[PDB]
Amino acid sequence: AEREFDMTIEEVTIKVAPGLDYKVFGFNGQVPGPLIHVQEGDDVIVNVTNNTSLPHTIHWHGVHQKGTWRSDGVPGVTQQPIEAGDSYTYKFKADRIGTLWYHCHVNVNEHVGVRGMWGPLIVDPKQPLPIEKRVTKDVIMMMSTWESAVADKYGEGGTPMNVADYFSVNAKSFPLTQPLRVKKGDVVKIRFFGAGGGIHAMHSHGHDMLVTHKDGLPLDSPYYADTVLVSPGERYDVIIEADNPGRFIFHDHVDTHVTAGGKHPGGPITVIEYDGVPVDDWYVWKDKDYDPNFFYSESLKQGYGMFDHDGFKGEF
């Protein structure tokens, strides 16, 4: 089917951690960018308007661009950039399945590295794996890093000379992340993305993960892991069988990454919380203002197209 939608690029500010507001170039004014969910073989048309002061493009990472290389989104290679105020249309066929993503391809060290110019592109295969048919919850986790020194300074950052001192999943640093709420017998698909410039060793307490896909393609030899290393550009899909009720933290195991501005704890941390486990008064998230769509799990259930999420929106 043909799926057409409209995306903008906006100058907004998001809160990454307590105390750290960050100027970003958000697709539809949000970080992560909107979810795009389509079916294998769909024809996609994306109309992009740059409402920022700098040039950008959008590259569709994982999308082959078969016979459509001029929609690959690479400035000086496949197109001239989308200047401030201008618009550009991408057209491609979603013939490559799985967990893909999209991001700016201008000034990538800064724009992708610290300005939030990325989001998920999920292509459902015609022939999912049998285990994918058992999935009851689909979870997107996009990891990235932040350089507090350039939080207010578009046009700066993302170099070797900078210091990445904050770390996140879906643009929040613990405790501003959200729990992964499950119930016993859930079958949870988690998609990890190396969205920013860091490496993330994603470890699930209480559970092993079955690694089923690399860069959205199914492995002939899936393997179990309790820690999955995710580097820039990569995706890994896993399955967790939610058969062990408790509260089980789930986090980046790289030691410096569970800090925030040199303070601990922080960083890419969530908690697998099972329904019905009694809550101790000392539980760090006992009073959480819960967002069930923090990992796009609700959006993923609502059809094919483009989805914004108000909890990812920044301020103008």
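Position 1 is the first residue in the sequence shown; the rest follow in order.
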Quick check: 280 to 288 versus 55 to 63, which has the larger average CA B-factor in the record? 280 to 288
Could you check which stretch, 161 to 169 or 97 to 105, carries the larger mean CA temperature factor in the entry? 161 to 169
For 129, 121, 239, 77, the deposited C-alpha B-factor is largest at 129
Which of these, 223, 193, 174, 154, has its C-alpha atom at the highest B-factor, as the entry lists it? 154
Splitting the chain's C-alpha B-factors into thirds, which one does residue 20 fall into? highest
Sorting by Cα B-factor within the chain, modelled residues only, which third would residue 252 end up in: lowest, middle or highest? lowest
Going by what the PDB entry lists, where does residue 71 fall on CA B-factor within its chain: lowest, middle or highest third? middle
Among all modelled residues of this chain, ranked by Cα B factor, put residue 269 in the bottom, middle or top third, i.e. lowest, middle or highest. middle
Would you mind ranking residue 185 by its C-alpha B-factor against the rest of the chain and naming the third, lowest, middle or highest? highest
